[PDB]
Amino acid sequence: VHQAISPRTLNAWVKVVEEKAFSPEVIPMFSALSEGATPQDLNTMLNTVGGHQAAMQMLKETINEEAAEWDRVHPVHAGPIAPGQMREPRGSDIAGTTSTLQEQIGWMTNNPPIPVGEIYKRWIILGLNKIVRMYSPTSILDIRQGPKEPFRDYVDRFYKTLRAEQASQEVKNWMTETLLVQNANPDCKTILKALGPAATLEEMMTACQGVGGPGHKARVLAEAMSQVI
Amino acid sequence: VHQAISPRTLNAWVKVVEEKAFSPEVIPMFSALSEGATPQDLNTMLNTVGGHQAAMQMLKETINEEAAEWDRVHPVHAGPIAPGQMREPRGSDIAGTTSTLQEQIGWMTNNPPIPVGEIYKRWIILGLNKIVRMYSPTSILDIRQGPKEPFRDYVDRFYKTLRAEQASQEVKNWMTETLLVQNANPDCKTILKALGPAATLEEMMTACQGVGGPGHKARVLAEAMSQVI
Amino acid sequence: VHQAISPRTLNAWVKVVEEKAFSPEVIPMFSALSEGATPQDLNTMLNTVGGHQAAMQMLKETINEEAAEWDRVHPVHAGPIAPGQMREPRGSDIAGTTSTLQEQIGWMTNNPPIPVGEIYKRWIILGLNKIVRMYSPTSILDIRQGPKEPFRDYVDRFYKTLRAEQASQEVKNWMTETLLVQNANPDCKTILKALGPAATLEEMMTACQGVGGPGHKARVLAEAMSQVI
Amino acid sequence: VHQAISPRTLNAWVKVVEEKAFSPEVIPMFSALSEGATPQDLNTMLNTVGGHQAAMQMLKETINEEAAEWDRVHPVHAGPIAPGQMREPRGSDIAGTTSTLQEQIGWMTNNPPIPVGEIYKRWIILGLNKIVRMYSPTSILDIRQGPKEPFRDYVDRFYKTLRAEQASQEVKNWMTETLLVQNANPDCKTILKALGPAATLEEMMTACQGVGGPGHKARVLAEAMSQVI
Amino acid sequence: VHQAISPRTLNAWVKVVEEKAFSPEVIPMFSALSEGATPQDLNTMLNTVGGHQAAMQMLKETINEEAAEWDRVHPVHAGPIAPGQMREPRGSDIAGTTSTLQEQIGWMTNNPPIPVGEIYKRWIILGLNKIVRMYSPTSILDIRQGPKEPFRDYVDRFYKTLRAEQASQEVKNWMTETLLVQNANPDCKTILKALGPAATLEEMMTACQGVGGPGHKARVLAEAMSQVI
Ligand SMILES: CC(C)(C#Cc1ccc(-c2ccc(Cl)c3c(NS(C)(=O)=O)nn(CC(F)(F)F)c23)c([C@H](Cc2cc(F)cc(F)c2)NC(=O)Cn2nc(C(F)(F)F)c3c2C(F)(F)[C@@H]2C[C@H]32)n1)S(C)(=O)=O
Ligand SMILES: CC(C)(C#Cc1ccc(-c2ccc(Cl)c3c(NS(C)(=O)=O)nn(CC(F)(F)F)c23)c([C@H](Cc2cc(F)cc(F)c2)NC(=O)Cn2nc(C(F)(F)F)c3c2C(F)(F)[C@@H]2C[C@H]32)n1)S(C)(=O)=O
Ligand SMILES: CC(C)(C#Cc1ccc(-c2ccc(Cl)c3c(NS(C)(=O)=O)nn(CC(F)(F)F)c23)c([C@H](Cc2cc(F)cc(F)c2)NC(=O)Cn2nc(C(F)(F)F)c3c2C(F)(F)[C@@H]2C[C@H]32)n1)S(C)(=O)=O
Ligand SMILES: CC(C)(C#Cc1ccc(-c2ccc(Cl)c3c(NS(C)(=O)=O)nn(CC(F)(F)F)c23)c([C@H](Cc2cc(F)cc(F)c2)NC(=O)Cn2nc(C(F)(F)F)c3c2C(F)(F)[C@@H]2C[C@H]32)n1)S(C)(=O)=O
Ligand SMILES: CC(C)(C#Cc1ccc(-c2ccc(Cl)c3c(NS(C)(=O)=O)nn(CC(F)(F)F)c23)c([C@H](Cc2cc(F)cc(F)c2)NC(=O)Cn2nc(C(F)(F)F)c3c2C(F)(F)[C@@H]2C[C@H]32)n1)S(C)(=O)=O
């Protein structure tokens, strides 16, 4: 077909999902970056998304449900296929799983043509709509230690989201240098500030190990009552 | 047709038209959800827009104007229509007013195919383009009583806007109780605050109907003169 | 025809109507950019004028009345058309509404030739003459709030003019930051100045909501009599 | 063709470029305005972009590289062309440079059809995408004079940007009145404010011809030391 | 081909480029994910590198020089090609520019086989090796303002690097919030910290417009001498 994706379109789509993540702007750009492409190019563009595993899982669920709807609307004709004709597509074929490049190209160049690529394109674009409406990406700045949460658990969440985040290694080191102490519970923040800027992660952790325990609660209560008295 | 509308796309279009009102980002979504849809499906999508009657009227005017332009571009050809072929569309025929689903299907799957859905799509896209460019939905946040506006007239305008506003009943009552008094000029706001928080609407109107009259002007003039005397 | 508009001429016309607006200097440029062009190209240039809707409505009225005058001068001959010959153009055909590219080209290359493009050019250029003489574009700097006008109405007028005005978005933001406060009458101007430079639009509108009311009039009268006393 | 652009699509596209400049908002609208339009109409739409010549150059570079890719994937046909069929398109033909309207219509209506318009639309979409990512239009608000920039060079840059600006003439004069003195560096701004608002441009340049010379530096240094002593 | 890449390999390679950027870990992964892959699949994997334009340019230069070497060592076949066999590959064909998928499949299935995919993989390996040794990605952490650099140029470079950065929008906003003032030179940093955290970018640029001018140098020199005296 003459409407296959060029290398520039693939790189543009990759950059689009990189900078714009899954903002609404990803919907029109995709809507123009895969017009007339056979479904395998659409699958290639769907595969080029790095990260956002949950979002693409919702996308896959949407595509599967719409393939089921497609199969519901068009019943499968239980009859022998004429040598001149070829089998009608099913929802999986529109998705591209059970259909090869040759079958898709033949479908889009039939008389009358079946616009398999465009149908899969609509399914994908409304899955993208669902992603934009519901999915919210996890950001390191959204990771703040709770009021009664242990510092080990907060550090585990911080590092899990940092690894899941898409960023450079150097900027990730800067993030774990700054936000780890920045977005911390006030009780742990007092200990972290008292430790000093040269304290390592292990030292900070054994310092906040005692927070929330009976000894720390007794100490802070004693400080409060000394301020009162 | 293989690109017929499906419940998921219709629900998604409804959700984007209610959630996003007529923000510019409604142009991509529509342009991605009606791709390949028959004009009947376009009309079905257009009917589900609740509220925004003014914008809907602008959109209908744009459709009619573009259909007139289409009819002027494509002149009517006389003579008997060939039985193998079928009669050519007009502007209203594209619009679906005088064309049934069978006629639209025949147009979209003929040789050569007349893409009635795509021309419809362009006309509708122009309609929403004008809607977003010019039309601004009336919001209860903007209903504020003018300096000389009677309190009764302001209450009537506020209630009309509330009736036209799309929102749940509970949040509508909350918006009433929190914005009818707040969004008033100081001349009425002072009286309303002096009235007390536990004031019914009838008491509100009765107390504030005296503003702007000779008595209220004389009282406020005397109060102002008290400071200078 | 050899005298169709090149892309550079179209861009030059767009720039002319952009920077020069509808100043008289637009008349000579249109007098030269479109010379010998068939009416289709003339309409194409007449379509790239963003904004100035009222001006082009006057221009359309001029063209329609000149088509009527042209029909008045040359009566329509009620007779069969010779197969070698072709129908003479009516008033609308010179404007290109009832005539396509082929008929316009044939008219412009007849024996004797009918200079349809030049006749339409004369009609259009007199339309621009009327636009230059009478039409005055709405400018933001012409938006000044009246002595006894509510601030909400002034804001509505200011923002309507801002939306209708052509400019960059950053320029529009700077203009609504400066001129909105700058172009208010003494009462609203002193209220805005007392509010402060960081006050939001809602705060300014709330403060000016009371201007012109009985309370504000009593307060300013009290201030004046205190200055007297 | 059935999907030829009507006047209102062209005018709406012109307005889109005028107001939205090259924000991402231009990508969907364009893709929704040229749906099914022949690449001749695509060139017609692209020509009406007033200003932003750098962005148009980037777009033309995109179209050239996409045409190169199209010629790369599609090999040049060899041997005599079948009289029933006609010559295969090339990248320049998709871009509309070499192909005429008749050839493009023949491609669109061929069996099987070659979607020249959609391919060219995707190429222009890629160009617009890189424009919105990278290209940043020059704005008068961003013209600020460097600490060591001579006032003459600052004025030259300011006026060049103002001439390149899309805004109207009267608002351009207003911009000259306010921003030119507002955006000067403190050394020039002190002199300009000492001159008074009545000073003309020539007087202002005369008074800021000396900022950076031995006399001015000596004078400011002496003033600072005298304030110290 | 049997060893055609699967969606998981493409996604894994994309993620490898996203996280590891261009580190020594890229060479092993690329050497194992694209094992036995058709050079068309190699090109698909190469197109997915979002950003790193300079590195990709270096890689393509390496591929071009390797193709030149391949054409140098392998002479061009002369005379007619045997119908049973097929034409020999060239350097561009190994690079995948001129070869089609069918040609590469025939090369790999030929007896004896021509391992086009492995040769292309080695060429890309050389390119990646040069990238990891020499190319260094631009990071906002490494953007700092020179001692004599005006704040406007620093801000422009900072924002250009930020736009080129691979990160999410909220993280980029956080970078703008902190690193823009953190990495300024002390002369600008003193003014920026005296401004306060509430200062906007425009206010910061206005305050720092004067550093390096005669007034600012005189003021700092006077302050230093007064501290001496
Ligand atoms: C060879 C080639 C031409 C191809 C192809 C190719 C072929 C088919 C499919 C596929 C398409 C549609 C359905 Cl409906 C199913 C299905 N239906 S089902 C009953 O649920 O199993 N299964 N498949 C797997 C099948 F068919 F192979 F079995 C599919 C894919 C999808 C494209 C896709 C990616 C995506 F992200 C979200 C989607 F909605 C669709 N990519 C995958 O599936 C692999 N994937 N999945 C997920 C997840 F689940 F998290 F969303 C993730 C990936 C990931 F990319 F790694 C990325 C991290 C995320 N690509 S090429 C050059 O591009 O590599
Ligand atoms: C069978 C079926 C599939 C169908 C169909 C169907 C068929 C035709 C039309 C129609 C279309 C185009 C023209 Cl050009 C005319 C016309 N030309 S004219 C000279 O102006 O009168 N007349 N019609 C009436 C006709 F049909 F009699 F011809 C039309 C509609 C429109 C679709 C539409 C809705 C819309 F909002 C805005 C539009 F631009 C277009 N919807 C209506 O018309 C009813 N409507 N109108 C308006 C208003 F005016 F306020 F915008 C409103 C409605 C509303 F939906 F109630 C909603 C509150 C708003 N739908 S279904 C869904 O029923 O199952
Ligand atoms: C397809 C193509 C070849 C063509 C054509 C084409 C064909 C005809 C016409 C037209 C010409 C003459 C008459 Cl006498 C009438 C008519 N007489 S009547 C009894 O009153 O209805 N009707 N028409 C509509 C018709 F013919 F379609 F029916 C016309 C136009 C005009 C050209 C024009 C533009 C203009 F600004 C002012 C004019 F005086 C004339 N443009 C429009 O009409 C659309 N327009 N109108 C107005 C308004 F009214 F506000 F001024 C506005 C537009 C706008 F551009 F959007 C812009 C905002 C302003 N273009 S192409 C490649 O160029 O796109
Ligand atoms: C007659 C008609 C049917 C037609 C046509 C017509 C035909 C072809 C082309 C064209 C198309 C594709 C390529 Cl790939 C090249 C090419 N490739 S190349 C190797 O560089 O020479 N050259 N062309 C010139 C060609 F064909 F004449 F040779 C083209 C244009 C473009 C449309 C276009 C405009 C644009 F802005 C950006 C684009 F990407 C494409 N318009 C121009 O290019 C003229 N232009 N250029 C530039 C600049 F350089 F700044 F970007 C500028 C203009 C401008 F519009 F003035 C504006 C200020 C900016 N229109 S009609 C009724 O519509 O007028
Ligand atoms: C159809 C398909 C199967 C295919 C294919 C396909 C075919 C060929 C090529 C190609 C291969 C080898 C050479 Cl030696 C040249 C050449 N030699 S030359 C004398 O320099 O012109 N030219 N080409 C362009 C050609 F072939 F079109 F002519 C090539 C590519 C490359 C793959 C590649 C990308 C890359 F980044 C670095 C590489 F080393 C190789 N992709 C491009 O080159 C496009 N690109 N370029 C650059 C730049 F240069 F800026 F770094 C950039 C891109 C980008 F990806 F956008 C990304 C931002 C960076 N892909 S599919 C489904 O995958 O799309």
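For neighbour counting, all protein chains shown are included, and Cβ atoms are generated from backbone atoms with ideal geometry for every residue, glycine included. Bear in mind these aren't lab numbers, they're just calculated from the coordinates by the rules spelled out.
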Quick check on the stretch D:15-23. Is at least one of its residues within 13 Å of ligand 3 (Cβ to nearest atom), more than 16 Å from C:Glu18 (Cβ to Cβ) and either charged (D, E, K, R) or not in a loop (DSSP other than H, G, I, E, B) (or both)?
no
Taking the stretch D:56-109 and keeping residues among the small types (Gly, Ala, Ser) and either within 16 Å of ligand 1 (Cβ to nearest atom) or touching a residue at least 12 places away in the same chain (Cβ under 8 Å) (or both) leaves D:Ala67, D:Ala68, D:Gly91, D:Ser92, D:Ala95, D:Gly96, D:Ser99, D:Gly106
What are the residues in the stretch D:161-181 that are touching a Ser or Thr at 6+ places or on another chain (Cβ under 9 Å) and surrounded by fewer than 15 Cβ atoms within 10 Å (Cβ to Cβ), if any?
D:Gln169, D:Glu170, D:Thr178
Quick one: how many residues across the stretch D:1-14 are in a loop (DSSP other than H, G, I, E, B) and small (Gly, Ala, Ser)?
2
Could you please find all residues in the stretch A:138-191 being assigned to a helix (DSSP H, G or I) and within 23 Å of E:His52 (Cβ to Cβ)?
A:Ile140, A:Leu162, A:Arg163, A:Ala164, A:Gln169, A:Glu170, A:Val171, A:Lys172, A:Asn173, A:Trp174, A:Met175
Here is a list of conditions, (1) part of a helix (DSSP H, G or I); (2) surrounded by fewer than 16 Cβ atoms within 10 Å (Cβ to Cβ); (3) more than 8 Å from every other protein chain (Cβ to nearest Cβ), and E:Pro197 meets all of them except one; can you say which number that is?
(1)
For the stretch B:200-212, which residues satisfy the criterion of being within 9 Å of another protein chain (Cβ to nearest Cβ) and surrounded by fewer than 14 Cβ atoms within 10 Å (Cβ to Cβ)?
none
Subset of the stretch E:99-158 that is of a type in the set (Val, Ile, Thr) and under 20 Å from the mean Cα position of the chain (by Cα) - its residue that is nearest to ligand 4 (Cβ to nearest atom):
E:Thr138
Residue within the stretch A:15-26 that is closer than 15 Å to A:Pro137 by Cα, in contact with a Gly (Cβ under 7 Å, 6 or more places away or on another chain), within 8 Å of another protein chain (Cβ to nearest Cβ) and surrounded by 20 or more Cβ atoms within 10 Å (Cβ to Cβ) present:
yes
What's the number of the only condition in (1) within 14 Å of chain B (Cβ to nearest Cβ); (2) within 28 Å of A:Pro186 (Cα to Cα); (3) of a type in the set (S, T, N, Q) that A:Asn110 fails to meet?
(2)
So D:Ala32, is it over 21 Å from D:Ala167 (Cα atoms), in contact (Cβ under 8 Å) with a residue 12 or more places away in the chain and within 13 Å of chain A (Cβ to nearest Cβ)
no
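Per-residue answers, yes or no, for (1) among the aliphatic types (A, V, I, L, M); (2) within 26 Å of A:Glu170 (Cβ to Cβ):
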residue	(1), (2)
E:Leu10	yes, no
E:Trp13	no, yes
E:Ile27	yes, yes
E:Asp41	no, no
E:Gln57	no, yes
E:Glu69	no, no
E:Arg72	no, no
E:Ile81	yes, no
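Residues checked against (1) touching a helix residue (DSSP H, G or I) at 6+ places or on another chain (Cβ under 9 Å); (2) surrounded by fewer than 11 Cβ atoms within 10 Å (Cβ to Cβ); (3) not polar (S, T, N, Q):
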position	(1), (2), (3)
E:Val73	no, yes, yes
E:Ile94	yes, no, yes
E:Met108	yes, no, yes
E:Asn111	no, yes, no
E:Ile114	yes, no, yes
E:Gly117	yes, no, yes
Conditions (1) under 25 Å from D:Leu179 (Cα atoms); (2) within 14 Å of chain B (Cβ to nearest Cβ): number failed by C:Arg152
(1)
Which members of the stretch D:46-60 meet the condition of being closer than 22 Å to A:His2 by Cβ and either within 16 Å of ligand 5 (Cβ to nearest atom) or in contact with a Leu (Cβ under 8 Å, 6 or more places away or on another chain) (or both)?
D:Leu46, D:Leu59
Condition (residue is away from ligand 4 (no atom under 16 Å from the Cβ), surrounded by 14 or more Cβ atoms within 10 Å (Cβ to Cβ) and free of Cβ contacts under 8 Å to residues at least 60 places away in the same chain) applied to the stretch A:35-42: is it met by at least one residue?
no
For residues that are away from chain B (no Cβ under 14 Å) and more than 33 Å from the chain's Cα centre (by Cα), tally how many sit in the stretch A:60-76.
1
Residues being touching an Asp or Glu at 6+ places or on another chain (Cβ under 7 Å) and more than 16 Å from ligand 2 (Cβ to nearest atom) - total across the stretch B:122-171:
1
Of the conditions (1) more than 16 Å from ligand 4 (Cβ to nearest atom); (2) more than 28 Å from C:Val1 (Cα to Cα); (3) free of Cβ contacts under 8 Å to residues at least 12 places away in the same chain, the single one that C:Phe22 does not satisfy is (3)
Which residues, counting only those in the stretch E:54-86, are within 18 Å of E:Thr38 (Cβ to Cβ) and of a type outside the set (A, V, I, L, M, F, W, C)?
E:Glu66
So which residues in the stretch B:40-50 are within 8 Å of ligand 2 (Cβ to nearest atom) and of a type outside the set (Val, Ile, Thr), if there are any at all?
B:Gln40, B:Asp41, B:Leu42, B:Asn43, B:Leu46, B:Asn47, B:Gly50
Being farther than 30 Å from C:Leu46 by Cα and away from ligand 5 (no atom under 16 Å from the Cβ) narrows it down to one residue among C:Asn129, C:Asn185, C:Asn111; which is it?
C:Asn185
